[PDB]
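The structure under discussion is supplied below as structure tokens; questions concerning it will follow.
Chain naming follows the written order as A, B, C, D, E, F, G, H, I, J, K and L, and within any one chain the residues start at number 1.
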């Protein structure tokens, strides 16, 4: 890929920070560059075209310049909803093709620790009749993102059958994750109670279900 | 109206007389003139077009000239059937419209006194049954045109209900007129006889009907 | 006819002989000549066109030249199957028409005397029932062509009713002829036997039929 | 600004006819349209019209489905026969007025010569007198060859 | 009066073909038509014909009212497909003979040069010899460049 | 050999659009196509398409014999409406680019003048600077009238 | 054999509008200019305007501009004139006329019969016809009396237009009540008296009254 | 594979007219000039004229001008020749021929079978066929006798053209009565004698007599 | 109001081929260039190529040349992309995009929802859905468990898309057996408990499983 | 002096279709429909007004 | 000397219609009708004879 | 220096029919048939490539 972008950027709310794009004579050097915005799991939106030109929907706080063989974009009054990845793009005459930058991930200087809402779901009744037992611990309401959940049978941990997802952004953007405990009704019939234990930044939250 | 004609002309049978048409630079002065013939109650016929040009049906005795800002037409060997009114016409560029002269009435030096045939008509029989009585005095066969008719009940005149037409030309052209006596069968039942009295150039003709 | 050819030519097998065509300035002089081949009773075949040009089917042994106001064609290695008549042709501008030569008949130096197969045919049986008697002497298998056939009733000749054809070429080309004896069953009932007598180059062959 | 001539446009000011003339001698301007050929054009044009309009007009759903069939045909049939004579009405126009050029190149000879645009400047001075004769088709040329032959000198 | 060339008319006198030539060297006149392309024209022209004629042919009043429907369609259908290839038969003609110009402007080079009208006057004198070579497509030009290059002097 | 210009052909090398330009100042070659009018052309061209495709779609042998009737009509009906807009799609093209000539004869004035073929040689030397302004429609001419007026001297 | 045939006479009250038709019968006049010219009773000719349908010109007199609309139907070979906001001065006889050419300079060479248009505050009523018996006098007189008709004008013919000689039809009289009346008479010979019959045709469009009464001894 | 197929032979009495057809079978010749050339018996070729239907030329020999009409039907790929006011000199065999190109300068490269046209004062009558039994002689002879036919010419084939070897068909003789007669014979082997049958086809169009008789032992 | 609507996600095993559609709904984009750009998971944008149907251009990225075919149907306003010889690197999300103009220089201004294409050796199987009862907690939590589905991805909506607030649908987990499973939850108020019902919509095209289960107390 | 030959023009906004061309403005035409609603036939000439 | 290239002309009075034009006289055509009675198809060229 | 205005050409072998002309090669067209089997409609321009 023909166009050069820093891998990640960060900014405080309200500050101005800028992201650069370096190409060669074959692309930006003789042609206009377009840059795109991506929020996770959704399609891109066009922010600027023809170097410095701005689209009807886009806020004036975004503005552009390109020089020589490189182009750069400044976001003023950086705000939290702006958190997303944005890509440079251009036509390349050597390739006789469109090219994109590697991409730049923007982070907004985080907001304070927020604890999760954890919800644990029971075997649906048909499901035990079906041959099944599954526990769903829904870990929700979290901010900023990476933590560990350990699960107990009685008060004793279970390694087997545990699959825990890596974190994902919610729509107004803070994170949630999923972990599932797989296993058959005899395992269930036998027990106790079951618990999902979430510890965040060293502090642990637990919920329990019983047959 | 843009074009100038004498109001009336007269001629003896066989003589040549001429009728003039005066316009301004806006009409005849730069464009051709057409002149038209009118016998009473019927549509016009075209006699000359393009100043001096003559139509297939028209006698050579009609011929034309136009000069400067005026035009004139001569009728040779004037004859009695020629008795009618003839109009000059032209295109006007200022008006961007066609114009006509005021018109000229031609009279042929009259032929001798001819007395009328007077005919008086009875109530039709249905008409008396209908609520009606009307007398129709048809005064016919007259030459030249204006006379007075006075009507009598018994031998006494009646002013009321009498309406007498002003004279009109017949087709081979001498005149006829109509006068009507209006009134209800009691007026009729009561009377006498009724008469319509026509006096022409001081000499009187009468016809009578009785119930 | 505008184009000049010798009436007849002869050649030995294998020799080269040439046939000439003389025209005037009006035909060959300004236009190309085409020459045609005719075998008896069939349509012509085109041998050469555009003076010297040769058609796909034709053997190289035929070749052409034309000069000035005359044209000539040579047949090399003359062979017997070549026996036929060939015609010169050209466009004529004075006539504004196509012209042909008088034609030239080619003969190949004959092959030895070959005697005829003579076959005599009987009245068909229906035919005597029909009112008829006819004798058909088919004289076949002959080479070169002109001979006389005399017919006998008993051993006595009959002049009446005899019609003998002039000779015709067979397909691989040697000749055959036909003579017919016409006459009514009484003539037949009465007789003898009937014979057709063919004598060729002074030697006579006979066949006989009997009722 | 100036005036015109065919090549770059028609004449709004000329209203006396489809085809026609206008002249500028020292007297003054004045559009004069050619009744001559404006008429014989229209007459044929008129005759093309009625010749077109002479052609207008010669199980339940079977009847309809047919009715709509010739509603279909005829309606495009027309559309066909509209674009046709329309185009060739319009080659008829341009034809006539190049014919209304040969008009007097076969008359104005070499006394004026093509400005290019479709106008003429006379080696003459041609008054009302003169343009009228052109319009008439009168336009002689024993006229005054001489002076133009001189005037030609230019 | 003189002769012609395309621009202002075709040749009644040329009968040997649709397209073709005529020359006037000091020998004499004589219309000579181009068999070359008159043929390959006709062949295609002929092929256009059968290609057209290959298309001919694929409750009481219902049957009739239908019968008259395709009597109608087909009959104009044809009329459609007549004006078409007729017009484009006629662009095919004019095309060929401007192609029968490139003929030898890509051969006669600069030895004659366009009279304008569609004829040529040689910087040469080209006898039967020579026009034949043109007609043949032979027409070399190491011919005699020199003299024409001189003759050019004019 | 050299390059081109309309008159004798289109440009294989120009791919940025239907219509457009190319220039040769002393810097170097480079085909530049006119987005300006290539777009508004296509938009209308596109609009001609759906306008065409909007028209597609509105006793035993009676039904068939009818079915085949509008199989017949419609199928030629189309054929009609294909040759039409095709021809007039193609007068629309040539129209635009003579309009893409008036483009800057109403701008390049008398600073270059028609080569004939459809190109221009400047009484100027017009760098990237300059052709861009032409392309922009910017092309002023208080520019440098003077030198061209001098350069004109040639 | 072209002739222009105009619609029959119409009468409408003021402020209303009227449309008059002129049909070119026996051929087309589309390649000609046709003009409308009006003649008020006992007055001169007045150009209203004209139309040349194929040429494409429609022209109007200045005084009648904006009030008159002139139109043509090429299919029917008929030209129409429509006048609006009628007043008493618009009462007149209206003619249609064909110029010599496509334009209005040329002479008007085919003329319509003329159409009478009467502007009156009024309510149209139909005539009653009554026979006038051959009471009076080789010659005799007979007639029809046309009674109580509004508004003008009425046409009278005898025996389907078959009867042509010696017929005179009188002008109307306007009575004090405001209604027209008329008589039509023809003098024909006394010889056919008893055997042969006379029949009357009376028609007047505003009423569209076409009425027949036959006169008997 | 183009071939020109001409109509069969015709015979008409003098002063009458005849039309001869030449069909281009297996393709079209419309893009070619086709000429008509006649050969009188034992005489040279004579150009009558030609036609090039797509090119648009129709040409005539000078001697035959005004008497001959040459035409083509492009649809049927058939060209026609019609001659009028026949006399005895017009008795001949008529060929149709295709030139190499659209014009008549080029060689004539496809030739019709030829059509015989006979001009005779006469009344056409049909032939009667009678078998000629294998009376005479590994080889044998059989035939058909064609009796009493007017006018010339007649075609004979055996067993539908299936029979090809050793067949010779004789020239006709003209008898004193004025009628033609002929015999057709084929010599075939004696070996098939008894088992295998021989069948005769005789046809001559002026009579349009196509007649069949089979020969038996 | 134009929007580009792409076909749903597809999954095919390697070496096979896939065709992706992009429909221009609410209007046409034929006068525009449309490009196909792919984004592999957590990776940058990659131009594959583009087509401008009315203009007549079809363009391809160099790396994808010969393997990708881009097409458009002007009638349906739909553009198609087809890729061949799939391998694991071709697993990605594929977007369709419209340029600002007829050409590819211009910015891409209307974007499709994106279509996920997964290349896996695998045999597609359908999910089973089971309700997650409002067991846990003015606020409550309910959900659906999506069990045993191959391959990715599955879409979940509640009550026909009528239900919009407080719904979070989780990422899938890939189990040791190799099958995906997921849960979808929404937190809604406790107030409607007993009266009002919640209904689940689960669909995933490779299985084309669209499955419904409603959650009850 | 000069003389020019010219053809009519006017302020008509009326338009027609031809085989070759679409919506040409012409000075005058008649409308034939006393179906698909497109049948104007030209009588006048191509409308190409001067300017001043 | 000169050489000219030319096309055929003749004295044919035959005429055809084209999309664009009416009754053009051409040197040769074939008539297709072995309905509305107008179907002549041209084979020859436009007939434009010299003069002398 | 020079500047030229030009139109597109390419290596397309695609062809269409017009009222006036047959099989013209053009750079691009769309095919309408998703009967007589002839309905190509042009979008591109007449294909007339330079040479070199």
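Quick notes on this one:
Assume a contact is a pair of C-beta atoms (placed from the backbone, for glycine too) under 8 Å apart; a residue touches a chain by one contact, two chains touch by 3 or more.
Under the contact definition, subunit I and subunit L share the contacting chains F. More C-beta pairs touch across one of F-I and F-J than the other; that pair is F-I. For the pair subunit H and subunit L, the distance between mean C-alpha positions equals 56 Å.
Per-chain CA centroids place subunit D at a distance of 67 Å from subunit I. Averaged C-alpha coordinates put the centre of subunit A at 80 Å from the centre of subunit K. Multi-chain contact residues of subunit B (touching two or more other chains): none found. Each of residues 15, 17-18, 42, 45-46, 49, 53, 59, 62, 66, 69, 73, 76, 80, 83-84, 87 in subunit D touches at least two other chains. Within subunit H, contacts with two or more other chains are made by residues 54-55, 57, 74-75, 105.
Within the complex formed with subunit K, the subunit H residues making contact are 53-57, 73-75.
Considering their complex, residues 58-59, 62-63, 66, 69-70, 73, 77, 80, 84 of subunit F touch subunit D.
Within the complex, the subunit F residues that touch subunit I are 15-18, 35, 38-39, 42-43, 45-47, 49-50, 53. On the subunit E side of its complex with subunit K, the touching residues are 1, 3-6, 9-15, 17-26, 31, 33-34, 42, 45-46, 49, 52-53, 56, 71, 74-76, 78-79, 82-87, 89-90, 93, 97, 100-101, 103, 112, 115, 118-122, 124-126, 131, 134. Per the touch definition, subunit J reaches subunit D in the complex via residues 1-11, 16-21, 30, 32, 35-36, 38-52.
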